[PDB]
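Chain by chain, the residues run as shown.
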Amino acid sequence: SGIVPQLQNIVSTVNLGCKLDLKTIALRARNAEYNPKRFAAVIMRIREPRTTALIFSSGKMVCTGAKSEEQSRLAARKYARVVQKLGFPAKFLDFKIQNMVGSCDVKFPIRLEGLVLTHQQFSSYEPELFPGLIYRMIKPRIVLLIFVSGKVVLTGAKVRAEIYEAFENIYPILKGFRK
DNA sequence: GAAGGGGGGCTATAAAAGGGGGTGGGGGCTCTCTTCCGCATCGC
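- cryo-EM is the method the PDB entry lists for this structure, together with a resolution of 2.5 Å.

## Concerning the protein's contact with DNA strand B
Okay, step 1: Taken together, 17 residues lie around DNA strand B, and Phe56, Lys60, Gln98, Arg136 and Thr155 are the ones closest in.
Okay, step 2: Here the atoms of DNA strand B within 4 Å of the protein split so that 67% fall in sugar or phosphate, with bases taking the remainder.
Okay, step 3: A distance of 3.1 Å separates a base nitrogen of DNA strand B from a polar side-chain atom of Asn99.
Okay, step 4: A distance of 2.6 Å separates a base nitrogen of DNA strand B from a polar side-chain atom of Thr155.
Okay, step 5: Those elements that place two or more of their residues in the surface near DNA strand B are β1 (6-15), β5 (60-66), β6 (93-105), β9 (142-146) and β10 (151-157).
Okay, step 6: The element that contributes the greatest number of residues to the surface near DNA strand B is β6, accounting for 3 residues.
Okay, step 7: Partitioning the surface near DNA strand B into residue classes produces 9 nonpolar, 6 polar and 2 charged.

## Quick word on the pairing of β1
Okay, step 1: Where β1 and β6 come together, 8 bridges link them in antiparallel fashion. Its bridge partner lying in β6, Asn9 is registered against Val101.
Okay, step 2: Pairing of β1 with β5 involves 5 bridges; the strand directions are antiparallel. Looking at β5, one finds that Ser12 is bridged to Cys63.

## Here's the deal with the pairing of β10
Okay, step 1: Where β6 lies against β10, 5 bridges are found, and the strand directions are antiparallel. Bridging across to β10, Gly102 finds its partner in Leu154.
Okay, step 2: Bridge count between β9 and β10: 4 bridges; the pairing is antiparallel. Paired with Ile146 across the bridge in β10 is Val152.
Okay, step 3: Between β9 and β10, which follow one another and run antiparallel, lie 4 residues, and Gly150 among them has a positive phi close to 105°.

What counts, and at which threshold
- Residues numbered from 1 in each chain as written, not as in the entry; some residues may be left out.
- Chains lettered and ligands numbered in written order.
- Part of a larger assembly, values for the part shown.
- Heavy atoms only, no water.
- Near = heavy atom within 4 Å.
- Polar contact = N/O pair within 3.5 Å; in protein donor to acceptor, adjacent residues only side chain to side chain.
- Helix = DSSP H or I, 4+ residues; strand = E, 2+ residues; numbered from the N terminus.
- Nonpolar A, V, L, I, M, F, W, Y, C, P; charged D, E, K, R; others polar.
- Pairing = 2+ DSSP bridges.

Have a look at this one:
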């Protein structure tokens, strides 16, 4: 195909293995914001990795915004150290990547009306609700947002192989509905 | 001050986290016959 999707966002969850005091973290953490009325977690941001992480009292933390697997793990470790630097016994346990978001362009307009007809079992095109066709691939459990402009967004992948594999499967299908 | 324009939020997509709140599902017309009541009567 000659086109490789580029990851736009990765969601990874890591357990620190120790209960944390959310109020204490907000007071001392540099960028943390805690609003129990709004959300029950502590939202923190670190610019150099350019990622955002949510910290819960149970010790589990979710890291989002990383553009690569290495960045997500590095960003998650940095957040854990910040909590550890606050006097808590934070660790890096069962780090896992929960979601990978990738985007790409096929460089040609797509006839979404034709695509849904031939793939009604997997496609879902509702212009009233969303201007982009939602494709649910089965062999890889990846949900693809195909747009008339040609932009394709892949999400729900656990590994980078699924993102590339999913695009390889849909690209020939899109080529058959080129506008 | 009406109208077009610009910027931005909303919509859906996945996923994790944890808890509050929303939602749904149990539980403390005429004639005839029968029955009841008041009365006067005797009885003891």
